[PDB]
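Below is one structure, written out as structure tokens, with a few remarks after it.
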Amino acid sequence: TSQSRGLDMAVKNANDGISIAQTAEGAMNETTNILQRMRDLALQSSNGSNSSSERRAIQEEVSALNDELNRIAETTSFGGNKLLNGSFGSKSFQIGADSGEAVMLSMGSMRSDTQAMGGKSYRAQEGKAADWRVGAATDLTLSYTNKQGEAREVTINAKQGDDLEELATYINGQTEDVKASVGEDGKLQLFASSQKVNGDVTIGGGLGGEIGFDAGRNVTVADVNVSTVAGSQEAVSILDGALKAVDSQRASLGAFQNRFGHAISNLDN
Amino acid sequence: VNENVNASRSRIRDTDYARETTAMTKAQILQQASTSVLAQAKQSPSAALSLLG
Amino acid sequence: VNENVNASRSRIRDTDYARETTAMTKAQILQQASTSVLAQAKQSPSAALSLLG
Amino acid sequence: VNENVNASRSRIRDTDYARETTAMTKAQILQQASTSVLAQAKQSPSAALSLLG
Amino acid sequence: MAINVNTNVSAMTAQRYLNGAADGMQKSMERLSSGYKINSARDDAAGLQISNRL
Amino acid sequence: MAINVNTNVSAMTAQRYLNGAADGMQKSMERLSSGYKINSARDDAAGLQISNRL
Amino acid sequence: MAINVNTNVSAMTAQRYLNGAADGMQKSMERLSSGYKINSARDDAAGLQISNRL
């Protein structure tokens, strides 16, 4: 009978864990949609048809949506306990009839200022005009480390005669870890996210030395400024990392409450 | 958020009719069982009276 | 490309009405059978009381 | 302004049929349970009468 | 076994599969209303990621 | 999933997508009568500004 | 073929070729009005330059 009471309490606690996970993911569904709309706005702003005045029109809308992301992260609560603000940390849900049979749960901080919601950015210090084409030096290497802790060597052999904008497209196609773009002055920029790149990115090679690169500026969603074409081109990559962080976190919660789906049934038999 | 919050208070506060009716049927059968056993239990002193008196 | 990627997402995310309605009517019939058997199953203690009382 | 004021008045005054029908069905089901339980409730003093009365 | 009143394990199996049927209908009702097999990572953790990317 | 009377999340989910569908129709019907995708700054802030100056 | 509602790629194909047909008539009717095949470098950049020189 003590076991029967224990399982009765266990299924109640597990159902509470499902409710907490469901509430966190429910607010998370809108968090994804705001980022997708922000990526929509960033895509439109990067167009050259938008004048200076229009780029501000996106910027106020994106800033409002960024404020909305902070609102959802902070205000989302379950019984007065904030879930997506990062103050919840890790809680162990007791789903057993005896002490020490709990299972942990973690929800990362879903603020727009979270480190996982962005990455680092490297800017070419030399602008290339519309008439610049790659010469006899094309090799460009990027040496960094993945989140798994192993060194990754990524080599691009750019094709001669391609202007800077074609070069940005080619670097994007060749490798998925980094993302290339071009700003107002024609300065190639690389974005190394915070989930697939840890540590500084060592850019080298004949093309890398000629183009030149500076220190990595750490950026997040809250730093998105679509008032400039470089900011909007960069913003597309930032929210790609943000959506990746959100989606990878959602699949962690879905597998978590799926685990309760099997657990609650198991404790029933 | 409102819907999942409503689902949560359902999971704890809202009663389950399937279990409650089964439990309160066990309650009713106990009532008939207890009334019957009580009627049969008080005949023991009556048997004692008929033994001597 | 937009049309083809839209069709691909349909095969992964979009629901099949032909499959979902059949599975839902399966669940509807399941609970009606379960409620029916549950109603007849709670009479087991009632049989016990009628055996003695 | 007339259309927008009418829309705002809608969000405050006009009723939500989707919510209200569910509310009234919940009320109908709730009282059906209440009346049913009321019928069984008054049989408790009847069990008192049938106990030894 | 024996006849008894205290336990109703047979009714417990009847109500246990009632949650199975009620849950099964609850997922289906959600899928028909929205029109999406995927409303959360519950149904497909991996399918949700690829659909969002698409 | 115990049987429920007071709370009906199945209906709450059903009507939630009913509002989503109704709003989608209200926006679409407005665009058909007027003939403009951008009838307000709600639809596209950038599109409204560029179209207004054009 | 899963008979869904949110995705209607059959109509997307129809309106994709509808736009192609709309493009087809618009250039043809413009050519009829002006009386020239090359009303723009869109049609034939080669023909536009040689016709301009001629």
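Ligands are numbered from 1 in the order shown, residues from 1 within each chain, and chains are lettered A, B, ... in the order they appear in the structure tokens.
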Counting only C-alpha atoms, which residues of chain F sit at most 8 Å from some atom of chain B, and what is each one's closest atom pair with its distance in Å to one decimal, listed by chain and rising residue number, as JSON lines?
{"residue": "F:2", "atom": "CA", "partner": "B:16", "partner_atom": "CA", "distance": 5.6}
{"residue": "F:3", "atom": "CA", "partner": "B:16", "partner_atom": "CA", "distance": 5.9}
{"residue": "F:4", "atom": "CA", "partner": "B:16", "partner_atom": "CA", "distance": 6.5}
{"residue": "F:6", "atom": "CA", "partner": "B:14", "partner_atom": "CA", "distance": 6.9}
{"residue": "F:7", "atom": "CA", "partner": "B:10", "partner_atom": "CA", "distance": 6.0}
{"residue": "F:9", "atom": "CA", "partner": "B:7", "partner_atom": "CA", "distance": 6.2}
{"residue": "F:12", "atom": "CA", "partner": "B:3", "partner_atom": "CA", "distance": 6.8}
{"residue": "F:13", "atom": "CA", "partner": "B:3", "partner_atom": "CA", "distance": 7.4}
Keeping only N, CA, C and O atoms, write the selected residues as a short mmCIF file (atom, residue, chain, number, x, y, z; two decimals), in the first residue's frame.
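What ended up in part-v9.cif:
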data_model
loop_
_atom_site.label_atom_id
_atom_site.label_comp_id
_atom_site.auth_asym_id
_atom_site.auth_seq_id
_atom_site.Cartn_x
_atom_site.Cartn_y
_atom_site.Cartn_z
N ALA F 2 -7.68 11.60 -17.71
CA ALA F 2 -8.94 11.31 -17.04
C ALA F 2 -10.08 12.05 -17.73
O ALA F 2 -9.89 13.10 -18.35
N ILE F 3 -11.28 11.48 -17.63
CA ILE F 3 -12.45 12.13 -18.20
C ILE F 3 -12.72 13.42 -17.45
O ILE F 3 -12.48 13.53 -16.23
N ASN F 4 -13.17 14.44 -18.18
CA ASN F 4 -13.21 15.80 -17.65
C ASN F 4 -14.53 16.47 -17.98
O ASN F 4 -15.16 16.17 -19.00
N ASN F 6 -15.23 19.99 -16.01
CA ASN F 6 -14.97 21.40 -15.72
C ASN F 6 -13.99 22.00 -16.72
O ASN F 6 -14.16 23.14 -17.16
N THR F 7 -12.94 21.26 -17.08
CA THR F 7 -11.93 21.74 -18.01
C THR F 7 -11.98 20.92 -19.29
O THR F 7 -12.04 19.68 -19.25
N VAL F 9 -9.91 21.30 -22.41
CA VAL F 9 -8.80 21.76 -23.26
C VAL F 9 -8.96 21.34 -24.71
O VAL F 9 -8.40 21.98 -25.61
N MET F 12 -11.01 24.13 -25.96
CA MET F 12 -10.21 25.36 -25.93
C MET F 12 -9.21 25.39 -27.07
O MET F 12 -9.02 26.43 -27.71
N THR F 13 -8.55 24.26 -27.34
CA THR F 13 -7.68 24.17 -28.51
C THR F 13 -8.47 24.33 -29.80
O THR F 13 -8.03 25.01 -30.73
#
Residue list for chain E near chain F as a PyMOL selection string, 8 Å, only C-alpha atoms: chain E and resi 18-20+22-23+26+29-30+33-34
Compile the residues of chain C that lie within 10 Å of chain B, evaluated using only C-alpha atoms, and express the compilation as a VMD selection string. chain C and resid 35 38 to 39 41 to 50 52 to 53
Residue selection dump (N, CA, C and O atoms) as a PDB file, in the first residue's frame:
ATOM      1  N   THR C  35     -15.696   2.725 -21.607  1.00  0.00           N
ATOM      2  CA  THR C  35     -16.707   3.176 -20.654  1.00  0.00           C
ATOM      3  C   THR C  35     -17.767   2.107 -20.429  1.00  0.00           C
ATOM      4  O   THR C  35     -18.238   1.917 -19.301  1.00  0.00           O
ATOM      5  N   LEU C  38     -16.221  -0.530 -18.309  1.00  0.00           N
ATOM      6  CA  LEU C  38     -16.040   0.040 -16.977  1.00  0.00           C
ATOM      7  C   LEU C  38     -17.355   0.062 -16.209  1.00  0.00           C
ATOM      8  O   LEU C  38     -17.385  -0.216 -15.004  1.00  0.00           O
ATOM      9  N   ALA C  39     -18.454   0.396 -16.890  1.00  0.00           N
ATOM     10  CA  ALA C  39     -19.760   0.400 -16.238  1.00  0.00           C
ATOM     11  C   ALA C  39     -20.153  -0.996 -15.773  1.00  0.00           C
ATOM     12  O   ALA C  39     -20.662  -1.166 -14.659  1.00  0.00           O
ATOM     13  N   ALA C  41     -18.057  -3.464 -15.171  1.00  0.00           N
ATOM     14  CA  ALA C  41     -17.044  -4.009 -14.275  1.00  0.00           C
ATOM     15  C   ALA C  41     -17.229  -3.585 -12.826  1.00  0.00           C
ATOM     16  O   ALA C  41     -16.868  -4.348 -11.923  1.00  0.00           O
ATOM     17  N   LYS C  42     -17.777  -2.395 -12.581  1.00  0.00           N
ATOM     18  CA  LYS C  42     -17.966  -1.919 -11.216  1.00  0.00           C
ATOM     19  C   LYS C  42     -19.032  -2.699 -10.458  1.00  0.00           C
ATOM     20  O   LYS C  42     -19.149  -2.526  -9.240  1.00  0.00           O
ATOM     21  N   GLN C  43     -19.807  -3.540 -11.138  1.00  0.00           N
ATOM     22  CA  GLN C  43     -20.836  -4.348 -10.500  1.00  0.00           C
ATOM     23  C   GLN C  43     -20.277  -5.578  -9.798  1.00  0.00           C
ATOM     24  O   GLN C  43     -21.042  -6.305  -9.156  1.00  0.00           O
ATOM     25  N   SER C  44     -18.973  -5.838  -9.916  1.00  0.00           N
ATOM     26  CA  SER C  44     -18.385  -6.996  -9.243  1.00  0.00           C
ATOM     27  C   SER C  44     -18.573  -6.956  -7.731  1.00  0.00           C
ATOM     28  O   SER C  44     -18.973  -7.984  -7.158  1.00  0.00           O
ATOM     29  N   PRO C  45     -18.304  -5.849  -7.025  1.00  0.00           N
ATOM     30  CA  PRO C  45     -18.657  -5.812  -5.595  1.00  0.00           C
ATOM     31  C   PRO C  45     -20.144  -5.976  -5.336  1.00  0.00           C
ATOM     32  O   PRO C  45     -20.524  -6.520  -4.291  1.00  0.00           O
ATOM     33  N   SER C  46     -20.999  -5.515  -6.254  1.00  0.00           N
ATOM     34  CA  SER C  46     -22.438  -5.685  -6.077  1.00  0.00           C
ATOM     35  C   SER C  46     -22.822  -7.159  -6.077  1.00  0.00           C
ATOM     36  O   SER C  46     -23.726  -7.574  -5.341  1.00  0.00           O
ATOM     37  N   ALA C  47     -22.154  -7.965  -6.904  1.00  0.00           N
ATOM     38  CA  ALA C  47     -22.395  -9.404  -6.887  1.00  0.00           C
ATOM     39  C   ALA C  47     -21.976 -10.013  -5.555  1.00  0.00           C
ATOM     40  O   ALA C  47     -22.616 -10.951  -5.063  1.00  0.00           O
ATOM     41  N   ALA C  48     -20.896  -9.499  -4.960  1.00  0.00           N
ATOM     42  CA  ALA C  48     -20.435 -10.021  -3.678  1.00  0.00           C
ATOM     43  C   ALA C  48     -21.454  -9.770  -2.573  1.00  0.00           C
ATOM     44  O   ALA C  48     -21.712 -10.653  -1.746  1.00  0.00           O
ATOM     45  N   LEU C  49     -22.041  -8.570  -2.535  1.00  0.00           N
ATOM     46  CA  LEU C  49     -23.013  -8.265  -1.489  1.00  0.00           C
ATOM     47  C   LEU C  49     -24.290  -9.079  -1.664  1.00  0.00           C
ATOM     48  O   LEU C  49     -24.905  -9.496  -0.677  1.00  0.00           O
ATOM     49  N   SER C  50     -24.708  -9.309  -2.911  1.00  0.00           N
ATOM     50  CA  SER C  50     -25.917 -10.093  -3.146  1.00  0.00           C
ATOM     51  C   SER C  50     -25.711 -11.559  -2.793  1.00  0.00           C
ATOM     52  O   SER C  50     -26.686 -12.279  -2.546  1.00  0.00           O
ATOM     53  N   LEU C  52     -24.146 -12.671  -0.068  1.00  0.00           N
ATOM     54  CA  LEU C  52     -24.286 -12.806   1.377  1.00  0.00           C
ATOM     55  C   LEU C  52     -25.581 -12.202   1.897  1.00  0.00           C
ATOM     56  O   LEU C  52     -26.368 -12.894   2.551  1.00  0.00           O
ATOM     57  N   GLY C  53     -25.823 -10.923   1.626  1.00  0.00           N
ATOM     58  CA  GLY C  53     -26.993 -10.237   2.143  1.00  0.00           C
ATOM     59  C   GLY C  53     -28.305 -10.724   1.561  1.00  0.00           C
ATOM     60  O   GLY C  53     -29.363 -10.566   2.170  1.00  0.00           O
TER      61      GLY C  53
END
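In this structure, atom CA of residue A:212 sits 24.3 Å away from atom CA of residue A:226.
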Residues of chain E that approach chain A to 8 Å or less, counting only C-alpha atoms: could you list each one with the shortest pair of atoms and its distance in Å to one decimal, rows by chain and increasing residue number, as CSV?
residue,atom,partner,partner_atom,distance
E:16,CA,A:268,CA,7.7
E:40,CA,A:254,CA,7.0
E:41,CA,A:254,CA,4.3
E:42,CA,A:254,CA,4.5
E:43,CA,A:254,CA,7.9
E:44,CA,A:254,CA,7.9
E:45,CA,A:251,CA,4.7
E:46,CA,A:251,CA,7.1
E:48,CA,A:251,CA,7.7
E:49,CA,A:247,CA,6.0
Atomic distance atom CA of residue A:134 - atom CA of residue A:204, expressed in Å with one decimal: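 We find that atom CA of residue A:134 and atom CA of residue A:204 lie 15.8 Å from each other.
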Can you work out which residues from chain A touch chain B at a cut-off of 10 Å (counting only C-alpha atoms) and hand them back as a JSON list (two decimals) with N, CA, C and O atoms, in the first residue's frame?
[["chain", "number", "residue", "atom", "x", "y", "z"],
["A", 12, "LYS", "N", 1.30, 11.91, -10.35],
["A", 12, "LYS", "CA", 0.89, 13.30, -10.19],
["A", 12, "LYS", "C", 2.04, 14.25, -10.48],
["A", 12, "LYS", "O", 1.88, 15.25, -11.18],
["A", 13, "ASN", "N", 3.23, 13.94, -9.95],
["A", 13, "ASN", "CA", 4.39, 14.78, -10.20],
["A", 13, "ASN", "C", 4.80, 14.74, -11.67],
["A", 13, "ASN", "O", 5.18, 15.77, -12.24],
["A", 15, "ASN", "N", 2.83, 14.24, -14.23],
["A", 15, "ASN", "CA", 1.86, 15.05, -14.96],
["A", 15, "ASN", "C", 2.16, 16.54, -14.79],
["A", 15, "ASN", "O", 1.97, 17.33, -15.72],
["A", 16, "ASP", "N", 2.60, 16.94, -13.60],
["A", 16, "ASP", "CA", 3.04, 18.32, -13.39],
["A", 16, "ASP", "C", 4.24, 18.65, -14.28],
["A", 16, "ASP", "O", 4.32, 19.75, -14.83],
["A", 17, "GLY", "N", 5.17, 17.71, -14.41],
["A", 17, "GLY", "CA", 6.31, 17.93, -15.29],
["A", 17, "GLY", "C", 5.90, 18.09, -16.75],
["A", 17, "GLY", "O", 6.49, 18.88, -17.48],
["A", 18, "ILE", "N", 4.88, 17.34, -17.18],
["A", 18, "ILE", "CA", 4.36, 17.50, -18.53],
["A", 18, "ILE", "C", 3.74, 18.89, -18.70],
["A", 18, "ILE", "O", 3.92, 19.54, -19.73],
["A", 19, "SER", "N", 3.00, 19.35, -17.68],
["A", 19, "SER", "CA", 2.39, 20.67, -17.76],
["A", 19, "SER", "C", 3.44, 21.77, -17.85],
["A", 19, "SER", "O", 3.28, 22.73, -18.61],
["A", 20, "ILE", "N", 4.51, 21.66, -17.07],
["A", 20, "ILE", "CA", 5.57, 22.66, -17.10],
["A", 20, "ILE", "C", 6.26, 22.66, -18.47],
["A", 20, "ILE", "O", 6.52, 23.71, -19.06],
["A", 21, "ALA", "N", 6.57, 21.47, -18.98],
["A", 21, "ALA", "CA", 7.20, 21.37, -20.30],
["A", 21, "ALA", "C", 6.27, 21.87, -21.40],
["A", 21, "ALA", "O", 6.71, 22.54, -22.34],
["A", 22, "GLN", "N", 4.98, 21.54, -21.30],
["A", 22, "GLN", "CA", 4.01, 22.00, -22.29],
["A", 22, "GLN", "C", 3.87, 23.51, -22.27],
["A", 22, "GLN", "O", 3.78, 24.15, -23.32],
["A", 23, "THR", "N", 3.84, 24.11, -21.07],
["A", 23, "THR", "CA", 3.74, 25.56, -20.97],
["A", 23, "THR", "C", 4.98, 26.25, -21.54],
["A", 23, "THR", "O", 4.87, 27.24, -22.27],
["A", 24, "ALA", "N", 6.16, 25.73, -21.21],
["A", 24, "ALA", "CA", 7.40, 26.32, -21.72],
["A", 24, "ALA", "C", 7.46, 26.24, -23.24],
["A", 24, "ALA", "O", 7.84, 27.20, -23.91],
["A", 25, "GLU", "N", 7.09, 25.08, -23.80],
["A", 25, "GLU", "CA", 7.12, 24.93, -25.25],
["A", 25, "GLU", "C", 6.00, 25.72, -25.92],
["A", 25, "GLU", "O", 6.18, 26.20, -27.04],
["A", 26, "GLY", "N", 4.85, 25.87, -25.26],
["A", 26, "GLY", "CA", 3.78, 26.66, -25.83],
["A", 26, "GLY", "C", 4.17, 28.11, -26.03],
["A", 26, "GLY", "O", 3.95, 28.68, -27.10],
["A", 27, "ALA", "N", 4.78, 28.72, -25.01],
["A", 27, "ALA", "CA", 5.34, 30.06, -25.18],
["A", 27, "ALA", "C", 6.49, 30.04, -26.18],
["A", 27, "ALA", "O", 6.76, 31.04, -26.85],
["A", 28, "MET", "N", 7.17, 28.90, -26.30],
["A", 28, "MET", "CA", 8.29, 28.78, -27.22],
["A", 28, "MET", "C", 7.82, 28.77, -28.67],
["A", 28, "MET", "O", 8.58, 29.15, -29.57],
["A", 76, "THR", "N", 6.70, 34.67, -19.19],
["A", 76, "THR", "CA", 6.20, 33.30, -19.22],
["A", 76, "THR", "C", 6.44, 32.62, -17.88],
["A", 76, "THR", "O", 7.59, 32.39, -17.49],
["A", 77, "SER", "N", 5.36, 32.30, -17.16],
["A", 77, "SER", "CA", 5.47, 31.73, -15.83],
["A", 77, "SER", "C", 4.44, 30.63, -15.66],
["A", 77, "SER", "O", 3.42, 30.58, -16.36],
["A", 78, "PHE", "N", 4.72, 29.73, -14.72],
["A", 78, "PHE", "CA", 3.83, 28.63, -14.37],
["A", 78, "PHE", "C", 3.66, 28.65, -12.86],
["A", 78, "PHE", "O", 4.56, 28.24, -12.12],
["A", 79, "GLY", "N", 2.51, 29.13, -12.40],
["A", 79, "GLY", "CA", 2.26, 29.27, -10.97],
["A", 79, "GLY", "C", 3.16, 30.28, -10.29],
["A", 79, "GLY", "O", 3.56, 30.07, -9.14]]
Would you give me, as number ranges by chain, the residues in chain C that DSSP reads as helix (DSSP H, G or I)? C: 2-12, 17-41, 44-52
With distances taken over only C-alpha atoms, which residue among A:187, A:225, A:170, A:54 lies nearest residue F:52?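 Of all the options, A:54 lies closest to residue F:52.
Here atom CA of residue A:4 stands at a distance of 9.9 Å from atom CA of residue A:267.
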May I ask which of the residues A:87, A:94, A:125, A:44 is the closest one to residue A:107, counting only C-alpha atoms?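 Among the listed residues, A:87 lies closest to residue A:107.
Backbone DSSP assigns strand (DSSP E) in stretch 62-151 of chain A to residues 77, 78, 81, 82, 90, 91, 92, 93, 94, 102, 103, 104, 105, 106, 119, 120, 121, 122, 123, 139, 140, 141, 142, 143, 144, 145 and 151 of chain A.
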Just to be explicit: take each residue in the selection above, keep N, CA and C atoms, and write the result as a PDB file, in the first residue's frame.
ATOM      1  N   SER A  77       5.365  32.300 -17.164  1.00  0.00           N
ATOM      2  CA  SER A  77       5.467  31.735 -15.829  1.00  0.00           C
ATOM      3  C   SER A  77       4.439  30.626 -15.665  1.00  0.00           C
ATOM      4  N   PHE A  78       4.722  29.727 -14.725  1.00  0.00           N
ATOM      5  CA  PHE A  78       3.825  28.629 -14.371  1.00  0.00           C
ATOM      6  C   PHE A  78       3.656  28.652 -12.855  1.00  0.00           C
ATOM      7  N   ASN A  81       6.224  30.999 -11.159  1.00  0.00           N
ATOM      8  CA  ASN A  81       7.625  30.625 -11.317  1.00  0.00           C
ATOM      9  C   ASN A  81       8.004  30.806 -12.782  1.00  0.00           C
ATOM     10  N   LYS A  82       8.895  31.759 -13.048  1.00  0.00           N
ATOM     11  CA  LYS A  82       9.303  32.040 -14.418  1.00  0.00           C
ATOM     12  C   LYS A  82      10.038  30.845 -15.013  1.00  0.00           C
ATOM     13  N   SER A  90      17.826  24.033 -13.198  1.00  0.00           N
ATOM     14  CA  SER A  90      17.537  22.612 -13.327  1.00  0.00           C
ATOM     15  C   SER A  90      16.759  22.138 -12.109  1.00  0.00           C
ATOM     16  N   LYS A  91      15.641  21.458 -12.353  1.00  0.00           N
ATOM     17  CA  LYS A  91      14.819  20.883 -11.299  1.00  0.00           C
ATOM     18  C   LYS A  91      14.612  19.402 -11.575  1.00  0.00           C
ATOM     19  N   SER A  92      14.717  18.591 -10.526  1.00  0.00           N
ATOM     20  CA  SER A  92      14.552  17.147 -10.629  1.00  0.00           C
ATOM     21  C   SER A  92      13.128  16.780 -10.229  1.00  0.00           C
ATOM     22  N   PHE A  93      12.406  16.138 -11.143  1.00  0.00           N
ATOM     23  CA  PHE A  93      11.025  15.743 -10.907  1.00  0.00           C
ATOM     24  C   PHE A  93      10.976  14.309 -10.399  1.00  0.00           C
ATOM     25  N   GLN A  94      10.484  14.136  -9.175  1.00  0.00           N
ATOM     26  CA  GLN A  94      10.400  12.820  -8.551  1.00  0.00           C
ATOM     27  C   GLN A  94       9.248  12.050  -9.186  1.00  0.00           C
ATOM     28  N   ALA A 102      14.270  10.399  -9.267  1.00  0.00           N
ATOM     29  CA  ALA A 102      13.866  11.596  -9.988  1.00  0.00           C
ATOM     30  C   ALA A 102      14.630  11.711 -11.304  1.00  0.00           C
ATOM     31  N   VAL A 103      14.148  12.603 -12.166  1.00  0.00           N
ATOM     32  CA  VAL A 103      14.742  12.839 -13.476  1.00  0.00           C
ATOM     33  C   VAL A 103      14.856  14.344 -13.683  1.00  0.00           C
ATOM     34  N   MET A 104      16.032  14.795 -14.112  1.00  0.00           N
ATOM     35  CA  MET A 104      16.330  16.216 -14.199  1.00  0.00           C
ATOM     36  C   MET A 104      15.643  16.859 -15.402  1.00  0.00           C
ATOM     37  N   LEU A 105      15.515  18.184 -15.336  1.00  0.00           N
ATOM     38  CA  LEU A 105      14.954  18.987 -16.416  1.00  0.00           C
ATOM     39  C   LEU A 105      15.652  20.337 -16.431  1.00  0.00           C
ATOM     40  N   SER A 106      16.044  20.791 -17.619  1.00  0.00           N
ATOM     41  CA  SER A 106      16.703  22.079 -17.784  1.00  0.00           C
ATOM     42  C   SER A 106      16.068  22.834 -18.942  1.00  0.00           C
ATOM     43  N   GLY A 119      26.389  34.749 -32.021  1.00  0.00           N
ATOM     44  CA  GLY A 119      27.740  34.252 -32.189  1.00  0.00           C
ATOM     45  C   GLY A 119      28.771  35.357 -32.289  1.00  0.00           C
ATOM     46  N   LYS A 120      29.809  35.134 -33.090  1.00  0.00           N
ATOM     47  CA  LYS A 120      30.842  36.125 -33.345  1.00  0.00           C
ATOM     48  C   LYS A 120      30.781  36.566 -34.801  1.00  0.00           C
ATOM     49  N   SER A 121      31.386  37.717 -35.082  1.00  0.00           N
ATOM     50  CA  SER A 121      31.351  38.315 -36.408  1.00  0.00           C
ATOM     51  C   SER A 121      32.719  38.877 -36.760  1.00  0.00           C
ATOM     52  N   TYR A 122      33.179  38.578 -37.971  1.00  0.00           N
ATOM     53  CA  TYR A 122      34.465  39.044 -38.469  1.00  0.00           C
ATOM     54  C   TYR A 122      34.237  39.837 -39.746  1.00  0.00           C
ATOM     55  N   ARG A 123      34.831  41.023 -39.820  1.00  0.00           N
ATOM     56  CA  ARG A 123      34.614  41.950 -40.921  1.00  0.00           C
ATOM     57  C   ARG A 123      35.888  42.133 -41.732  1.00  0.00           C
ATOM     58  N   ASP A 139      43.219  30.614 -52.298  1.00  0.00           N
ATOM     59  CA  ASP A 139      43.061  29.737 -51.145  1.00  0.00           C
ATOM     60  C   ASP A 139      42.736  30.540 -49.892  1.00  0.00           C
ATOM     61  N   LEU A 140      41.762  30.050 -49.129  1.00  0.00           N
ATOM     62  CA  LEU A 140      41.325  30.706 -47.902  1.00  0.00           C
ATOM     63  C   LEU A 140      40.934  29.628 -46.905  1.00  0.00           C
ATOM     64  N   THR A 141      41.594  29.614 -45.751  1.00  0.00           N
ATOM     65  CA  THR A 141      41.388  28.587 -44.741  1.00  0.00           C
ATOM     66  C   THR A 141      40.820  29.207 -43.472  1.00  0.00           C
ATOM     67  N   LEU A 142      40.026  28.420 -42.749  1.00  0.00           N
ATOM     68  CA  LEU A 142      39.432  28.834 -41.483  1.00  0.00           C
ATOM     69  C   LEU A 142      39.667  27.728 -40.468  1.00  0.00           C
ATOM     70  N   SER A 143      40.420  28.035 -39.415  1.00  0.00           N
ATOM     71  CA  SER A 143      40.783  27.063 -38.391  1.00  0.00           C
ATOM     72  C   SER A 143      40.084  27.430 -37.090  1.00  0.00           C
ATOM     73  N   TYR A 144      39.237  26.534 -36.599  1.00  0.00           N
ATOM     74  CA  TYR A 144      38.517  26.770 -35.354  1.00  0.00           C
ATOM     75  C   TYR A 144      38.238  25.421 -34.700  1.00  0.00           C
ATOM     76  N   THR A 145      37.334  25.417 -33.725  1.00  0.00           N
ATOM     77  CA  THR A 145      36.923  24.210 -33.025  1.00  0.00           C
ATOM     78  C   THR A 145      35.403  24.167 -32.965  1.00  0.00           C
ATOM     79  N   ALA A 151      39.114  19.984 -33.248  1.00  0.00           N
ATOM     80  CA  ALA A 151      39.496  20.997 -34.220  1.00  0.00           C
ATOM     81  C   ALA A 151      38.945  20.664 -35.602  1.00  0.00           C
TER      82      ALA A 151
END
